[PDB]
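Next up is one chain by itself, shown in structure tokens, the form solved without the DNA.
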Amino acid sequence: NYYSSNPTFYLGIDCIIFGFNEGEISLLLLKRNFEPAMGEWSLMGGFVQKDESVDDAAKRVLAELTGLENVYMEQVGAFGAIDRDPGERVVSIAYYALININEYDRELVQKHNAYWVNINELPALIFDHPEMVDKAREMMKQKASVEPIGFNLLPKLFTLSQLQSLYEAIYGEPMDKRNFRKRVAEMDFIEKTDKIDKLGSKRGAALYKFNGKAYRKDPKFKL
């Protein structure tokens, strides 16, 4: 009764999907195999349905591309400039996700014509997607300094050089090897295993694990 004199709008979802590999952060991007903007680069996206909450729409859109569930996700914001989408008025809610770049459904990715691209060497993204990406990076950077969300970008078992390399990539600057390793030593919820990562016959390094339960007993993450 009360709300009907107001207009209604398409509610897009757009996903900034972060991955980490070989000292580089990358985004999972569509090279669109559909109109509008076929052939152009964009974030993975969709629309909110009547079935679902906005949060669940984000989960669904991410699962449609990657097959993943229970993904670490944060809402970035609601982008609502009038002409952000030239085809129609669409207000899009952006989310970012941190996934293990080693674990996703390769079939689904191939069928969406999607690609991992280094975050500092992105092609031109359509619409206001470049803007969304900028805001997502800034928020993730900020959160990753005060909370251990970084470990979602790594496999369950990781080495310290891998971990250092992650934080070097997040902040785009080198870190002192020595004192970084002391910060981890006195961080109790980062447990050292008896397993090693064996890249090759000449390469090995101790594998560590992130202990979620032990972190929440004392949420003192800072590095």
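Each residue number is its position in the shown sequence, starting from 1. Only residues modelled in both forms are compared. Under this definition, the rigid core comprises the largest set of C-alpha atoms superposing within 1.5 Å between the forms.
Trainee: Tell me whether residue 15 turns out to be unmodelled in at least a third of the other entries of this protein, restricted to those that model residues on both sides.
Mentor: Result for residue 15: never missing in the compared entries.
Trainee: Given the other compared entries that model the residues flanking it, would you say residue 202 is unmodelled in at least one third?
Mentor: Across the other compared entries, residue 202 is absent from at least a third.
Trainee: If you average the CA temperature factors over each stretch, which comes out higher, 45-53 or 185-193?
Mentor: Going by the record's values, the stretch with the higher mean is 185-193.
Trainee: Please compare 26-34 with 164-172 and say which has the higher mean C-alpha temperature factor in the record.
Mentor: For C-alpha atoms only, the mean B-factor is higher in 164-172.
Trainee: Per the coordinate record, which of the options 126, 133, 98, 146 holds the highest CA temperature factor?
Mentor: Most elevated C-alpha B-factor of the set, per the entry: 146.
Trainee: Of the options 118, 142, 113, 152, which has the highest CA B factor as deposited?
Mentor: Of the options given, 142 has the highest CA B-factor in the PDB entry.
Trainee: Compared with the other modelled residues in the chain, in which third is the CA B-factor of residue 19?
Mentor: Answer is lowest: the recorded C-alpha B-factor places it there.
Trainee: Which third of the chain holds residue 10 when residues are ordered by C-alpha B factor: lowest, middle or highest?
Mentor: Its C-alpha B-factor, which the entry lists for residue 10, ranks in the lowest third among residues of this chain.
Just so it is clear, the following notes concern the form deposited with the DNA bound, a form of the same protein that is not shown.
Trainee: Ok, 55, 176, 168, 188: which has a heavy atom sitting within 4.5 Å of the DNA in the deposited complex?
Mentor: Of 55, 176, 168, 188, the residue with a heavy atom within 4.5 Å of the DNA in the deposited complex is 176.
Trainee: Classify residue 212 as contacting or not contacting the DNA in the deposited complex by the rule of any non-hydrogen atom within 4.5 angstroms, answering yes or no.
Mentor: Heavy-atom contact with the DNA at 4.5 Å: absent for residue 212.
Trainee: Does any heavy atom of residue 156 come within 4.5 Å of a heavy atom of the DNA in the deposited complex?
Mentor: No.
Trainee: Since only the chain is shown here, I'm wondering whether residue 161 would be in contact with the DNA in the deposited complex (any heavy atom pair within 4.5 Å).
Mentor: Yes, residue 161 lies within 4.5 Å of the DNA in the deposited complex.
Trainee: Is there a heavy atom of residue 23 no more than 4.5 Å from a heavy atom of the DNA in the deposited complex?
Mentor: Although the DNA is absent here, residue 23 would stay clear of it in the deposited complex, with no heavy atoms inside 4.5 Å.
Trainee: Taking the DNA as it sits in the deposited complex, which residues of 192-223 have a non-hydrogen atom within 4.5 Å of it? Please list them.
Mentor: Heavy-atom contacts within 4.5 Å come from 200, 201, 202, 203, 204, 205, 206.
Trainee: Rigid core fitted, then: does residue 213 show a CA shift of 2 angstroms or greater between the shown form and the other one?
Mentor: No, shifts by less than 2 Å.
Trainee: Since the Cα separation of residue 201 and residue 191 moves by 3 Å or more in the deposited complex, tell me which way: closer or farther than here.
Mentor: Residue 201 and residue 191 sit closer together in the deposited complex.
Trainee: Your call: residue 201 and residue 154 CA atoms, closer or farther in the deposited complex versus the shown structure, by 3 Å or more?
Mentor: Residues converge in the deposited complex, at least 3 Å closer.
Trainee: Can you list the runs, three or more residues long, in which each C-alpha shifts by 2 Å or more between the shown form and the other one once everything is superposed on the core?
Mentor: Shifted segment: 200-204, the only one.
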